[PDB]
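Visitor: Opening piece of a complex, kept in its complex position:
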Amino acid sequence: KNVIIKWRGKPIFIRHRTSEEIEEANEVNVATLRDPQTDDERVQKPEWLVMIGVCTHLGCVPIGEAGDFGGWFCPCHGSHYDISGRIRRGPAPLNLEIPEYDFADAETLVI
Amino acid sequence: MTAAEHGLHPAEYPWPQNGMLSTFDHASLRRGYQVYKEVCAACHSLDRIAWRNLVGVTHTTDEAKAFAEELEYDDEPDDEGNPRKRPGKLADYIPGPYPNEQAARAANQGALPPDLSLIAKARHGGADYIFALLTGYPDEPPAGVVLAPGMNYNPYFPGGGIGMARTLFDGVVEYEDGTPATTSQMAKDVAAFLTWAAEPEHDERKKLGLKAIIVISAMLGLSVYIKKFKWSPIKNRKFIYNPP
Amino acid sequence: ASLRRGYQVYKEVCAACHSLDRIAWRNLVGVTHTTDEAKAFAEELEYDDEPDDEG
Amino acid sequence: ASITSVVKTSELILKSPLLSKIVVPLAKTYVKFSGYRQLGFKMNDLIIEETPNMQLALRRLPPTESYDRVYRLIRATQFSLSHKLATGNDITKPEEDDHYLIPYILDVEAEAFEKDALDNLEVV
Amino acid sequence: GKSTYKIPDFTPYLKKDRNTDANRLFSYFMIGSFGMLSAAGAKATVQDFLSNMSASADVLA
Amino acid sequence: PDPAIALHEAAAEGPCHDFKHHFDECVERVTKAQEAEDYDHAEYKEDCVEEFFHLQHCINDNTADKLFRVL
Amino acid sequence: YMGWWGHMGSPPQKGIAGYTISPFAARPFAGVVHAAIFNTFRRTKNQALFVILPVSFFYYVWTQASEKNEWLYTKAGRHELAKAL
Amino acid sequence: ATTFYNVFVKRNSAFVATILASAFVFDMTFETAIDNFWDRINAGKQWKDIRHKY
């Protein structure tokens, strides 16, 4: 599941990623990525994808679960984000920003 | 984009109010309010309309006060500062079915029924879109469409899957004026009603525009006469040149 | 130091009847109280949250 | 641009037999389509005059030529505002489209460009 | 083409009854109609437009 | 009973017969394709939305005025 | 570069006589029918190409582009769309 | 006709007074005329036409 938390008026996508989702994200060779990053750089905890859910193209919000890399699909110009929230296809230049977030408890994070 | 992703564009129906000189059919507006009250108001709010707005459009002052007085609204606190309710007055707004968005979504399998006060201006198509949407649920979704859970297929809605089920069926409303309440009749009435809700000045606006068109046309004609009159010395000027 | 003492008088005497509506807990921080003390004061109270998922 | 530039470039074209063979017929059609003759203008009447150089060249016109120019501009302005064209004797015939001003502006500019050159001279 | 006392041909445009009161009156009827509609239009414009400043319907309730 | 039902049926059999037949043939193909096994593990799953839109768009063009005339 | 009445900055004028008649002595709409028909036809014919050429070209461009775009997002155009992306 | 000119047009004070009085009359009558016309072309549609049922 992916939650949407408003944080500074921007939406925050929080996905509780499954084991196989993590695996899917850890596949793509870093080399072939507009914005080259691995999931370990993105998340500080593999079960908590926390991203700022604004598309890096113009600044629409991607609809999650949709896409072609089954992560997030920006409907505005058709840019596809990953399960890491990395850009794969479409106009968007960068991967979906990661806020500065810390796990205060194991059950609560501050953003 | 795929046509699916856009939605089918609604037909252009000949609404009574289409036409530079045409008002709404107020009998239709009244019938449409009854459809809103008995069908849509279960899920959709009409937050921008006050009871006073129906007066002299669809209802007499007495009928509208009766509608308001059936409801309870939040009063100012009593003398011990405890909260109180009062009966509604004409200045009150028509109250919504849900206290907040979260309650609304919980009742509608996640989907949030929008407020209908502006929906006729807030969608490409206007009345035609509302009419097309309410009447456009096929018995069976086109073969090969995979609907998301809690979605219903409707081609006019962009993407095809709408969280609102078909709601108008023959005889869900019993009109007080003896008009046969067919699906299409109820959709026509409610779509007229919602169009009025979105633009309640529509009748007055088009009458003043008729006056404006006439006066401004006359002033345009006269301004051309006056311009030609004042300019005729310059247009009619002739020269004789004798090189010195 | 007087401001801090004065807050304690407000809290124990005046606040029974008088509000201080324009002051946020953050305003005390670095004036009368450390961030920790002020968060402790705020966390003792209950405020209206956004509705739950059933609204 | 400077009239000097226009004149020099045109002379390069008229010299080359090849170039003139292809350009002179084009330029004749261009001027027919341009249609300034239908308002009774000579080509030179159209040159931009709100420049110090051109103001000086106009002051150097012989009085007769100057009076005639004023009449052509006033006549054309009247046809313009009436949305009429010249008819009969008012239409500029190709033989009457003489470069009355080009000599004067070429002299004004010659001096102005010499002045610029000489302002940049270096004693060797 | 040479004599300046030979006034150019204006017969296409000259009104025969040009110095009659009838003639002037007509043109002032056009100007006055235009002034009348402008006055009526300005009154309508001002009255309608400034009425925005009168109590709105929510206030009147 | 609902005037639209009759008008839509009449317009499908009449002026929009070519589109009716297109949609029908499409549905036949897709149902048959879904019937076959290893359909769930196919790359491209064909729909009939396009044909449906062509039909509906046609029906609406031939019906809109007639329908509002009987309300 | 422009003066004012009395010293407008015209080269000296001489030899032009200008004549006109009063607006009250003129028919303001004299020969308006002839002008509305024959004069407008003349003036429009003379300028027609300068409007028709660019408009017809850009309309053709748009028509081709909008029709291709429409076709690419059909079922038939699936493959050509896949290549174009 | 000279009489008409002399009375209503010759003095601008009179002409402006005539224009404003005409504007007043036009404004009032045009209002009434449009009202009636609008009611005829939108007959049985407006609230005034259905109000009698209530």
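Guide: That came in fine, so what should we check first? Numbers count the residues shown, from 1 in each chain, chains lettered A, B, ... in the order given.
Visitor: Can you name the residue of chain F nearest to chain C?
Guide: residue F:40 (33.0 Å; Cβ to the nearest Cβ). C-beta coordinates here come from the backbone N, C-alpha and C atoms, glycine included.
Visitor: So the residue of chain G found nearest chain F: helix, strand or coil?
Guide: Across chain G, no residue is closer to chain F than residue G:75, which sits at 5.6 Å (Cβ to the nearest Cβ). Classification of residue G:75 using DSSP: H, G, I helix; E, B strand; the rest coil returns coil.
Visitor: Touching, it and residue F:44? I think so.
Guide: No: judged on Cβ atoms under 8 Å, residue G:75 makes no contact with residue F:44 at a distance of 9.7 Å.
Visitor: Of the two, which one has the most company?
Guide: Under the criterion of other Cβ atoms under 10 Å in any protein chain shown, the comparison of residue G:75 against residue F:44 puts residue G:75 first, with 14 against 6.
Visitor: so how far is residue F:32 from that one?
Guide: 17 Å (Cβ to Cβ, to the nearest Å).
Visitor: which parts of chain H sit against chain B?
Guide: Counting by Cβ under 8 Å from any Cβ of the partner chain, the residues of chain H close to chain B are H:30-31, H:34, H:38, H:41-42, H:44-47, H:49-51, H:54.
Visitor: center of chain A - which residue?
Guide: Centroid check for chain A by Cα atoms, centre = their mean gives residue A:85 as the closest residue, at 2.7 Å.
Visitor: In contact with that one: list those residues for me.
Guide: A:13, A:42, A:49, A:51, A:71-72, A:95-96 (Cβ atoms under 8 Å, 6 or more residues apart in numbering or on different chains).
Visitor: which residue sits closest to the closest residue to chain B within chain F, ignoring its sequence neighbours?
Guide: Closest to chain B within chain F is residue F:47: 3.2 Å, counting by Cβ to the nearest Cβ. Computed as Cβ to Cβ, 6 or more residues apart in numbering or on different chains, the closest residue to residue F:47 that is not its neighbour in sequence is residue B:144, at 3.2 Å.
Visitor: Surely the residue of chain F closest to chain B touches residue B:147?
Guide: No: look at residue F:47 against residue B:147 with Cβ under 8 Å: they stay out of range, at 11.5 Å.
Visitor: middle-most residue in chain D, spatially?
Guide: residue D:44 (2.8 Å).
Visitor: That residue in helix, strand or coil?
Guide: Classified using three-state DSSP, residue D:44 is helix.
Visitor: put chain I onto that model:
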Amino acid sequence: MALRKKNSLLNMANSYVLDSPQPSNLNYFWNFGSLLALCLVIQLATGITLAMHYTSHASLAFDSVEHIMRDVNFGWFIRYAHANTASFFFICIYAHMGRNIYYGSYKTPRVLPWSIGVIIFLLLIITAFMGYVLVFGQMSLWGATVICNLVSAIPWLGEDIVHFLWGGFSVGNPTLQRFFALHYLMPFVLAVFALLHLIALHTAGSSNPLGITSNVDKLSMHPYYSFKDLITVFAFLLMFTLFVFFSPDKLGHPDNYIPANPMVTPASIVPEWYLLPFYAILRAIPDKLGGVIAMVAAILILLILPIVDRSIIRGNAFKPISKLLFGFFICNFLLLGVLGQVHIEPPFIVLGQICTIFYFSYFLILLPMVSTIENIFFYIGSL
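Guide: Let me put chain I in with the others:
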């Protein structure tokens, strides 16, 4: 001496609106100036009126606009007049700029009025953009989001600048309040620059459609141009009436009647029609920073027309090749407009790039080439 000339204050009015000497042959395209003055007055009158009813707080802005539509007497009219006249202001401003380009109004001695004009055009864009945000509907918000995130492309400081303009980390209440204050102010600045470009023009006087001097044959601004200006005022008000009273939402986008929701993104974010050409130019460049520079350059490049037009003749009345080139330029500017509202899909991506190259190449290549060649053709062709 007459009072209108004697008295210093009256004399300034006199010099601009009454005795001002004008060419006697200005055609109807010289009337857009006064229509833009009328638009600016209608926008001030309706704008100040809406400000008396509008609330700039984000919790109440959209509701205040509904209050204007529904409760304020004639509020519907004042709102639609203000919204539609913003469209007509841009029709008139593009017409007025088109007139100026076709008739070479940008040439000496009128480079200064032209250059101030280009700034007026930028202020109008900013003014209209901020006004659009004030409704705080979905297009308002998503417009402000997109446009102010372009500033993020300014290197090093871009992010910081955006947050400073928003007054926050997103478009929200602080942004709305500050846009209200600025949108109120900017039209007054725009009026002052409009007045400066006229004062600048007063030195040379108006150009005319023949591109020759008019010093030979002048007409007082009143009554001749006064009465000519009334014809287009009434023509304008007829068009205004058709939109405002009969089709008030034809020029707009329904998405702005949905209240702003930072979560839900609307179907398609396209700007108001009059911004669409610049938006297409921006989309043409793939780089974010490149796109922004190109978009600004598409306006500022107008400032170089005085240099790149090499003609010895002012304006296009007599230049058949220049007229054809100008026709292509204008139609391309409209095609750019259309491409601003299509989806970023084939084949419009490549087409948008070609139209953008054509737009710039007019100023940089074609106009300098064509104007040089026509100089030579006039001279050889009249020998």
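Visitor: picking up where we left off before, and the residue nearest to the centre of chain A, how far from residue I:153?
Guide: In terms of Cβ to Cβ, residue A:85 sits 21 Å off from residue I:153.
Visitor: Ok, residue I:61 next?
Guide: 28 Å.
Visitor: These two: who's more crowded?
Guide: Legend: neighbour count by other Cβ under 10 Å for residue I:61 and residue I:153, higher for residue I:61 (25 against 16).
Visitor: So is the helix or strand containing residue I:176 next to chain G?
Guide: According to DSSP states H and E, residue I:176 maps onto helix I:173-201. No: on the criterion Cβ under 8 Å from any Cβ, helix I:173-201 is out of touch with chain G, staying 9.7 Å away.
Visitor: List the buried residues of that helix.
Guide: Using 16 or more other Cβ atoms under 10 Å in any protein chain shown as the test for burial, helix I:173-201 gives I:173, I:175-180, I:183-184, I:186-187, I:190-191, I:193-194, I:196-197, I:200-201.
Visitor: what helices or strands is the longest helix along chain A leaning on?
Guide: If you go by DSSP state H, chain A has its longest helix at helix A:19-25. Secondary-structure packing of helix A:19-25 (3 or more Cβ pairs under 8 Å, 6 or more residues apart in numbering or on different chains; DSSP states H and E): no helix or strand packs against it.
Visitor: which residues touch it?
Guide: Outside helix A:19-25, the residues that reach it (Cβ under 8 Å, 6+ apart) are A:15, A:17, A:39, A:46-47, A:70, A:82-84, A:86.
Visitor: cutoff 6 Å now
Guide: With contacts defined as Cβ atoms under 6 Å, 6 or more residues apart in numbering or on different chains, helix A:19-25 is touched by A:39, A:46, A:83-84.
Visitor: ok, residue I:197 - contacts?
Guide: I:113, I:116-117.
Visitor: if we can go back for a sec, quick check: the residue nearest to the centre of chain A vs residue A:30, distance?
Guide: In terms of Cβ to Cβ, residue A:85 sits 15 Å off from residue A:30.
Visitor: rewinding a little: CSV for the contacts of helix A:19-25, including secondary structure?
Guide: Output for those, formatted as CSV (three-state DSSP):
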residue, secondary structure
A:39, helix
A:46, coil
A:83, coil
A:84, coil
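Visitor: Nearest to chain F among the residues you listed?
Guide: residue A:83 (20.5 Å).
Visitor: Just the closest residue of chain F to chain E, please.
Guide: For chain F, Cβ to the nearest Cβ, closest residue to chain E: residue F:71, 32.0 Å.
Visitor: with the structure above as the base, add chain J:
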Amino acid sequence: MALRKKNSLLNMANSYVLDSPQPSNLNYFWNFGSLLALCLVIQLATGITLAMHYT
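Guide: That brings us to chain J, laid onto the chains above:
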């Protein structure tokens, strides 16, 4: 001729704030004019700023 006198726009500034011929003996009470100009500028700057925060 100097640019400040030649150029129409500059000339207007010049005529008011630079070459404007003044009496040589104005005393300090002639300075309130410019203070009122300063007040008017401060009020516009602060006023427009408050308008960005005021509801």
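Visitor: In light of the added chain J, please revisit the buried residues of helix I:173-201.
Guide: For helix I:173-201, by 16+ other Cβ under 10 Å, it's I:173-187, I:190-191, I:193-194, I:196-197, I:199-201.
Visitor: centroid residue for chain B?
Guide: residue B:195 (2.0 Å).
Visitor: which SSE is it in?
Guide: Judged by DSSP H and E, residue B:195 forms part of helix B:183-198.
Visitor: Contacts only, for the closest residue to chain A within the stretch 151-300 of chain I.
Guide: The stretch 151-300 of chain I approaches chain A most closely through residue I:170 (3.2 Å), counting by Cβ to the nearest Cβ. Residues near residue I:170 by Cβ under 6 Å, 6+ apart: A:8-10.
Visitor: Next, the angle helix B:183-198 makes with whichever strand or helix holds residue F:6.
Guide: Element membership of residue F:6, judged by DSSP H and E, is helix F:3-13. Taking axes from the mean of the first three to the mean of the last three Cα atoms, to 10 degrees, helix F:3-13 and helix B:183-198 form an angle of 110 degrees between their directions.
Visitor: What helices and strands are in contact with helix F:3-13?
Guide: The contact analysis (3 or more Cβ pairs under 6 Å, 6 or more residues apart in numbering or on different chains; DSSP states H and E) places helix F:3-13 against helix F:64-69.
Visitor: And the helix it packs on, what's buried?
Guide: F:64, F:67-68.
Visitor: Alpha carbons only: can I get it in CSV?
Guide: C-alpha atoms of helix F:64-69 as CSV (Å, rounded to 0.1, in the frame of the first residue of the first chain):
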residue,chain,number,x,y,z
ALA,F,64,-29.9,13.6,-29.3
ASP,F,65,-32.5,15.8,-31.0
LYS,F,66,-35.1,13.1,-31.2
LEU,F,67,-34.8,12.3,-27.5
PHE,F,68,-35.1,15.8,-26.2
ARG,F,69,-38.1,16.3,-28.4
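Visitor: Determine whether any part of that helix lies close to chain B.
Guide: Yes: using Cβ under 6 Å from any Cβ of the partner chain, helix F:64-69 reaches chain B at F:64, F:68.
Visitor: Tell me which residue in chain F sits closest to chain A.
Guide: Counting by Cβ to the nearest Cβ, chain F gets nearest chain A through residue F:43, at 12.2 Å.
Visitor: Please identify the helix or strand for that residue.
Guide: In the assignment (DSSP H and E), residue F:43 maps to no helix and no strand.
Visitor: Just give me the neighbour total for it.
Guide: 4.
Visitor: Give me the most central residue, chain G.
Guide: Central residue of chain G (Cα atoms, centre = their mean): residue G:51, at 6.3 Å.
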